[PDB]
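Read the single chain below, which is given as structure tokens and is the form deposited in one PDB entry.
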């Protein structure tokens, strides 16, 4: 029954929304992102989620390294937390645990981690990494996560895994706080891992009924393991003063595609339907809160403008609706 938390996609990779050639006032540079992070902190966003890439993709020509970029965004803010994306394979838990702990010490305990298991083989092939089977990649990520928790929590951590080994490893200093572990993915392997070792699980964008079904499945598995997991939903937010204007922006995205079902195949956040007036979006967010959603991961076309707009128009309405819901229960 706690307040809904909000996070935004850090555009630390170029291209933005690569499937549409619509003009976007978004940049991947540090100066743009420093201002965006400060705007997001002032707007009421709690988390900033970075993206991890090594090779250029179909539309994303430049990518800042996620961990170094997370440290830079943290140094430009005061209370905003930044989720550093980690890709097992090119990343190893020993370095990831120690680097995230140091950054946590330098930023007053405001760093989190998002473990991505990888979807594109070409990124691994370019950097000399082998391409493991789909479920096998999640076995390795689960050992990666358990290593992070053990290294961060024990004086003499020992782990005898199929992918990672530790023998009386002592990390000092440890994180100031307990870095939260975010994780996405929609496959059975992804939600079996989240139901065991993850703090946050990003469920795929869907309708209110579909998201409720995804929430019930993950909580049922988590309860069987006696594990607690909070749930966030990915959403592409188009907030305008009029419903027609917001629906016109969605039309321009499809019209300048490089159908509506094609956007879902690339970005599931459109199915969340956070498109319309600020009052409509706030009502749908609270409706998602009723089915178990604890966090909204927002994507925007013009990040600096729409994040500021979100904090002045949509977020206050969400808080007012939350107080209204809280007052009716008592």
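Rigid core: the largest C-alpha set superposing within 1.5 Å between the two forms. Numbering follows the first chain given and starts at 1.
Form deposited in another entry: not shown, discussed below.
Participant: Relative to the superposed core, which single residue of 30, 264, 42, 68 shows a CA shift of 2 Å or more between this form and the one not shown?
Facilitator: The displaced C-alpha is that of 264.
Participant: Using a superposition on the rigid core, decide whether the Cα position of residue 18 changes by 2 angstroms or more between this form and the one not shown.
Facilitator: Passes the 2 Å threshold, so yes.
Participant: If the CA atoms of residue 194 and residue 264 move by 3 Å or more in the other form, do they move toward each other or away, so closer or farther than here?
Facilitator: Between the C-alphas of residue 264 and residue 194, the gap widens in the other form (3 Å or more compared with this form).
Participant: Considering a change of 3 Å or more, are the Cα atoms of residue 293 and residue 264 closer or farther in the other form than here?
Facilitator: Compared with this form, residue 293 and residue 264 lie farther apart in the other form.
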